[PDB]
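Note sheet for the following structure.
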Amino acid sequence: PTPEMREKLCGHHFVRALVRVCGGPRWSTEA
Amino acid sequence: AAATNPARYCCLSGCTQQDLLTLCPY
């Protein structure tokens with residue numbers, strides 16, 4: 001579902017993608 | 001090896017899972 005279309009990642013998009021892609025810090029928090 | 005601010009840089013143009021693959025802390 002949707003590849004690396006190098007779409008404009010404006011911080012948040014950049015956040016989700018950062019994850020979708022690799023992940024990041026933890027994203028758990030409430031988990 | 002690092003670059004500018006990825007958050008800003010991808011905001012204007014965008015970033016591939018490759019960029020993001022190297023922007024993660026893992």
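Chain labels follow the order of the structure tokens: the first chain is A, the next B, and so on; residue numbering restarts at 1 in every chain, and ligands are counted from 1 in their shown order.
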Among chain A, which residues carry a DSSP assignment of helix (DSSP H, G or I), reported as a ChimeraX atom specification? /A:12-21
Exercise: residue 22 in chain A partners within 10 Å, only C-alpha atoms, chain neighbours under 6 positions left out, as an MDAnalysis selection string: (chainID A and resid 16) or (chainID B and resid 17:26)
For the residues in that selection, give me N, CA, C and O atoms as an mmCIF file, in the first residue's frame.
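Okay, result_36.cif is ready:
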```cif
data_model
loop_
_atom_site.group_PDB
_atom_site.id
_atom_site.type_symbol
_atom_site.label_atom_id
_atom_site.label_comp_id
_atom_site.auth_asym_id
_atom_site.auth_seq_id
_atom_site.Cartn_x
_atom_site.Cartn_y
_atom_site.Cartn_z
ATOM 1 N N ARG A 16 4.697 10.227 10.816
ATOM 2 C CA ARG A 16 4.098 8.966 10.425
ATOM 3 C C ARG A 16 5.003 8.221 9.468
ATOM 4 O O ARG A 16 5.423 7.116 9.778
ATOM 5 N N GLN B 17 11.011 6.388 1.879
ATOM 6 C CA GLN B 17 11.226 5.487 2.983
ATOM 7 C C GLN B 17 12.717 5.305 3.172
ATOM 8 O O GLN B 17 13.164 4.868 4.216
ATOM 9 N N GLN B 18 13.496 5.653 2.155
ATOM 10 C CA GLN B 18 14.929 5.559 2.271
ATOM 11 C C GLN B 18 15.403 6.646 3.211
ATOM 12 O O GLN B 18 16.049 6.363 4.216
ATOM 13 N N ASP B 19 15.056 7.895 2.892
ATOM 14 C CA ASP B 19 15.431 9.011 3.747
ATOM 15 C C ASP B 19 14.971 8.719 5.167
ATOM 16 O O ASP B 19 15.768 8.685 6.106
ATOM 17 N N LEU B 20 13.677 8.463 5.298
ATOM 18 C CA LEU B 20 13.081 8.161 6.587
ATOM 19 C C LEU B 20 13.749 6.942 7.230
ATOM 20 O O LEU B 20 13.871 6.871 8.459
ATOM 21 N N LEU B 21 14.206 5.994 6.405
ATOM 22 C CA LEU B 21 14.880 4.805 6.918
ATOM 23 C C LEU B 21 16.176 5.195 7.613
ATOM 24 O O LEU B 21 16.632 4.509 8.528
ATOM 25 N N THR B 22 16.763 6.303 7.172
ATOM 26 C CA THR B 22 18.011 6.778 7.748
ATOM 27 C C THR B 22 17.782 7.938 8.714
ATOM 28 O O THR B 22 18.732 8.426 9.329
ATOM 29 N N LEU B 23 16.531 8.385 8.858
ATOM 30 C CA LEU B 23 16.241 9.489 9.751
ATOM 31 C C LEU B 23 15.783 8.968 11.108
ATOM 32 O O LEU B 23 15.780 9.702 12.097
ATOM 33 N N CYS B 24 15.396 7.691 11.150
ATOM 34 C CA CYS B 24 14.967 7.064 12.399
ATOM 35 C C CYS B 24 16.167 6.847 13.325
ATOM 36 O O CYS B 24 17.304 6.754 12.864
ATOM 37 N N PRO B 25 15.930 6.766 14.650
ATOM 38 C CA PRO B 25 16.985 6.570 15.643
ATOM 39 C C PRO B 25 17.367 5.103 15.815
ATOM 40 O O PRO B 25 17.855 4.700 16.872
ATOM 41 N N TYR B 26 17.141 4.307 14.774
ATOM 42 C CA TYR B 26 17.466 2.886 14.811
ATOM 43 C C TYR B 26 18.043 2.424 13.477
ATOM 44 O O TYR B 26 17.249 2.118 12.563
#
```
CA of residue 10 in chain B and CA of residue 13 in chain A are how many Å apart?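 One can read the CA of residue 10 in chain B to CA of residue 13 in chain A distance as 8.8 Å.
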Give one line per residue of chain A that approaches chain B to at most 7 Å, naming the two atoms of the closest pair and their distance in Å to one decimal, counting only C-alpha atoms; sort by chain then ascending residue number and deliver it as JSON lines.
```
{"residue": "A:4", "atom": "CA", "partner": "B:16", "partner_atom": "CA", "distance": 4.6}
{"residue": "A:5", "atom": "CA", "partner": "B:16", "partner_atom": "CA", "distance": 6.2}
{"residue": "A:6", "atom": "CA", "partner": "B:16", "partner_atom": "CA", "distance": 4.1}
{"residue": "A:7", "atom": "CA", "partner": "B:14", "partner_atom": "CA", "distance": 4.5}
{"residue": "A:8", "atom": "CA", "partner": "B:14", "partner_atom": "CA", "distance": 3.5}
{"residue": "A:9", "atom": "CA", "partner": "B:11", "partner_atom": "CA", "distance": 4.5}
{"residue": "A:10", "atom": "CA", "partner": "B:11", "partner_atom": "CA", "distance": 3.6}
{"residue": "A:11", "atom": "CA", "partner": "B:7", "partner_atom": "CA", "distance": 4.6}
{"residue": "A:14", "atom": "CA", "partner": "B:7", "partner_atom": "CA", "distance": 6.0}
{"residue": "A:17", "atom": "CA", "partner": "B:20", "partner_atom": "CA", "distance": 6.9}
{"residue": "A:18", "atom": "CA", "partner": "B:20", "partner_atom": "CA", "distance": 4.8}
{"residue": "A:21", "atom": "CA", "partner": "B:17", "partner_atom": "CA", "distance": 5.1}
{"residue": "A:22", "atom": "CA", "partner": "B:21", "partner_atom": "CA", "distance": 5.2}
{"residue": "A:23", "atom": "CA", "partner": "B:24", "partner_atom": "CA", "distance": 6.4}
{"residue": "A:24", "atom": "CA", "partner": "B:24", "partner_atom": "CA", "distance": 4.9}
{"residue": "A:25", "atom": "CA", "partner": "B:25", "partner_atom": "CA", "distance": 6.6}
```
